[PDB]
Each structure stands twice: as C-alpha cells, then as structure tokens.
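In: here is my input; please provide its structure:
(one chain, ligands or ions: 2)
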Amino acid sequence: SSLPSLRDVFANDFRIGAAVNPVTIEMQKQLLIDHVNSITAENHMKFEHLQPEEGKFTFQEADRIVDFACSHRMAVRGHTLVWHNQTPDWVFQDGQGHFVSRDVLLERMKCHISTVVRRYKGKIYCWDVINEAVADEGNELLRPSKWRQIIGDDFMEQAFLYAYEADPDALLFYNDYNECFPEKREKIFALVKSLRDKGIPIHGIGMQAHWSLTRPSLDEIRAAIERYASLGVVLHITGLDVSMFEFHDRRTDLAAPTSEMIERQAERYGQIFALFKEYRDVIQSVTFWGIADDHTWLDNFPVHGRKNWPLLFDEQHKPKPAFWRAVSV
Ligand SMILES: O[C@@H]1[C@@H](O)[C@H](O[C@@H]2CO[C@H](F)[C@H](O)[C@H]2O)OC[C@H]1O
Ligand SMILES: O[C@@H]1[C@@H](O)[C@H](O[C@@H]2CO[C@H](F)[C@H](O)[C@H]2O)OC[C@H]1O
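Out: Numbers count the residues shown, from 1 in each chain. Ligands and ions are numbered 1, 2, ... in the order given. Coordinates below:
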C-alpha cells in the first residue's frame, strides 16, 4: 500500500510486463493488478497450445489470458508464432509420415498465423513472429529447424509477411536469447538488417534477457541495445529474469539463495534498470518471464527439479531487495 507500483515508477520509460498462464493469473493476481501494464502468455499462445492437431484450434487458455489483460487495461504481447520448439509434429508431416513440401508448409504456416493473429487483432499489439532462429553456437547464422529445412532460409520473410497481412497494425518482432553475447548479437543484427533491407515488415527486436548475476556485462547490454537500436527497430525486453546460477552452475541442493546472492541480485537489477531507463527512448517495454519467485521456469531449466529466485518479488509475493534498487533508478 506504501509500495511503489512498477508500471507507475516506469510510466515515462516503458511498460512493465509479466509472462502468465491461467493458473498464475489466479495465484499472483494482486501482484499483476498492482504492478504490470502488459501481459505475455508464458506458453498458451505457442503453436502446440493453439493448434495441437491440424484444424483443431484451442484458444480457451489464451482467451482467458487476453480477457484478464483487457479487463485490467493491460497490453498483450503475442508469443510466439514460428519457433523450433513447442510445435507439434503434424505441422511438418504428410499422412504417410514424410516431410511436406515448401509450398504445403507455407500454406500451413499462413493458415496458423492468419487464424491466430486475426482472432486477437485489436487486442494484441505486437507478436513475436520468429523465435530463436539464430544459431546459439558455432559459425553458422541460422539454427537448424524443420521450418528452415523444409521451406528454405526465406521462411522468416514469409512468416513476417503473413503476420503483417493478418494484422498490419501489429508490431512484429524477432525475439531471441543470449542477445548480448557479441558473436550472437552480430548474427541477430545481420539477420534483422538483411530482412529490413528487403523491406520485410519486422518492426522490433525482442531481447529475452534470460540473464545471470554476471552475464552479460553491463557493457555488453549497452552495446547490444545500441547495436539493435541503430537498425531503427523498436526494442522490447521480453523475458527478463536474473538467475542465481551461472550457466556452469548446475547445483541442485541449494535450499535458499545466500545473502550475497540476494545482495548481488539487487545490485544487478539496479544496474540493469538504470541502463534501461537510460535507453528509454528506444526501449518501450520490459517484460519479466514471471513476476514472483513462487513461479519461474528456471526452477526446472536448465536443471530439472531445483529452485531459483530470479524475480523482484519472493515466494510470499513480498518485495525483495532487488525490487527497491530497481524502482529507485
Ligand atoms: O529453450 C531456450 C533455452 O535453450 C535458452 O537457454 C539459455 C537461456 O538462459 C541464458 F540465456 C543461457 O545462457 C541460455 O543458454 O533460453 C531460452 C529458452 O527458450
Ligand atoms: O514453461 C516453460 C516456458 O517458461 C518456456 O518459455 C520460454 C522461455 O525462454 C524464452 F523466453 C522463450 O521464448 C519462452 O517461450 O518454454 C518452455 C516451457 O516449458
């Protein structure tokens, strides 16, 4: 009640978002009502949860999310249309189990994008059209996927054009993680630049920001923001969390974060939101991949069965030290 509200603190800087599902909307309803003005479906707008079999569309869970957001004057980011994960096998196969042709996959891609985007047209203001197409390792530009294998390397151009046709007023995003590591940053930059140089309707870059206490550095974050902003795209931070474990740290037995973990996380969030506020002219939305530590995908990724404490509020929905530094930049 004396607590500052995140969306109000950052009212002149960017929207503040949370990834949700119908369960967490109930479990965290007051935090969301008190703090966010944007919502993303954590899972229920992905392909497998919208069209699990060809021509079987299951919008019920996504509808509940959109209804909640609309009834509390919250924006919605749509996540996500074309991704190498969480897409059913049927999409890439024919009746006899072999891979479809380029033309057939483009038909199915267009039908899915058209049906999904048109349903929420005028309620959802932007879409992550392509998720994580850039290779996360190695020297190649693109990660392998059945989308790319079957259609070809222009599969992303087609996806953006299909979504633009379905809702030409939506902001269309390329969304990715490890977006601040320089080698991947340059691949993402080259990819988006090349699409923009062909007049493809890509309006924004989504920086997932699945970050650790140490990585990426503040200078890497600054360099990535400027690198992407130089393309003239809008920037969203789309899945922010600050993991208590580095990538090499696969420990399972930590029952609580240490005092220094909690303090460093507070400092880290303060530094991050200071940098975001500094780039308020190009960052228009900051969405956390959750909202409080009683629900985070980092409990089971990348190590199944442990516990992480990545967000501004604790499991009892109380502000953490990170909250206070974040709102005081
Ligand atoms: O499934 C994806 C996952 O592979 C990816 O991996 C890590 C995310 O957290 C940091 F960014 C790590 O350094 C990455 O290697 O995160 C996105 C998720 O959708
Ligand atoms: O519940 C998990 C979900 O949170 C996860 O979401 C991805 C997290 O990494 C990025 F933000 C991706 O773009 C998200 O879609 O996906 C796996 C699921 O089990």
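
In: which residues touch the residue of the stretch 1-150 of the chain found nearest ligand 2?
Out: Closest approach between the stretch 1-150 of the chain and ligand 2, counting by C-beta to the nearest ligand atom: residue 42, at 4.8 Å. For every residue, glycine as well, the C-beta is placed using N, CA and C. Listed by C-beta atoms under 8 Å, 6 or more residues apart in numbering, the contact partners of residue 42 are 19, 20, 21, 24, 289, 290, 297.

In: ok so the fourth one is a helix residue?
Out: Yes - when the secondary structure is assigned by DSSP: H, G, I helix; E, B strand; the rest coil, residue 24 falls within a helix.

In: and it, what does it touch?
Out: So, once contact is read as C-beta under 8 Å, 6+ apart, residue 24 ends up touching 42, 290, 291, 295.

In: mind redoing it with 7 Å?
Out: Listed by C-beta atoms under 7 Å, 6 or more residues apart in numbering, the contact set of residue 24 reads residue 295.

In: try the third one
Out: Contacts here follow C-beta under 7 Å, 6+ apart; on that basis residue 21 touches 41, 42, 43, 44, 61.

In: can you pick out the most distant pair from those?
Out: With C-beta to C-beta as the measure, no two of the contacts of residue 21 lie farther apart than 42 and 61, at 10.4 Å.

In: pull the contacting residues for the residue of the stretch 101-250 of the chain found nearest ligand 1.
Out: When you check the stretch 101-250 of the chain against ligand 1 by C-beta to the nearest ligand atom, the closest residue turns out to be residue 210, at 3.5 Å. Residue 210 makes contacts with 177, 239, 241, as judged by C-beta under 7 Å, 6+ apart.

In: same question, residue 276
Out: Residue 276 makes contact with 14, 237, 283, 286, according to C-beta under 7 Å, 6+ apart.

In: A helix includes it, no?
Out: Yes - residue state for residue 276 (three-state DSSP) corresponds to a helix.

In: quick one: it from residue 5, how far?
Out: Separation of residue 276 from residue 5 (C-beta to C-beta, to the nearest Å): 17 Å.

In: same check, this time on residue 128
Out: Looking at residue 128 against residue 5, where the rule is C-beta to C-beta, the gap reads 26 Å.

In: compare those two and say which is more crowded by neighbours.
Out: More neighbours surround residue 128 than the other of residue 128 and residue 5, with 28 against 15 (other C-beta atoms under 10 Å).

In: buried set for whichever strand or helix holds that one?
Out: Assigned by DSSP states H and E, residue 128 falls within strand 126-131. If you call a residue buried by 16 or more other C-beta atoms under 10 Å, then strand 126-131 has these buried ones: 126, 127, 128, 129, 130, 131.

In: show me what contacts residue 298?
Out: Listed by C-beta under 7 Å, 6+ apart, the contact set of residue 298 reads 241, 243, 308, 310.

In: farthest pair within these?
Out: Pairwise distances across those peak at 8.1 Å for 241 and 308 (criterion: C-beta to C-beta).

In: now do the shared contacts for those two.
Out: Counting by C-beta under 7 Å, 6+ apart, the residues touching both residue 241 and residue 308 are 296, 298.
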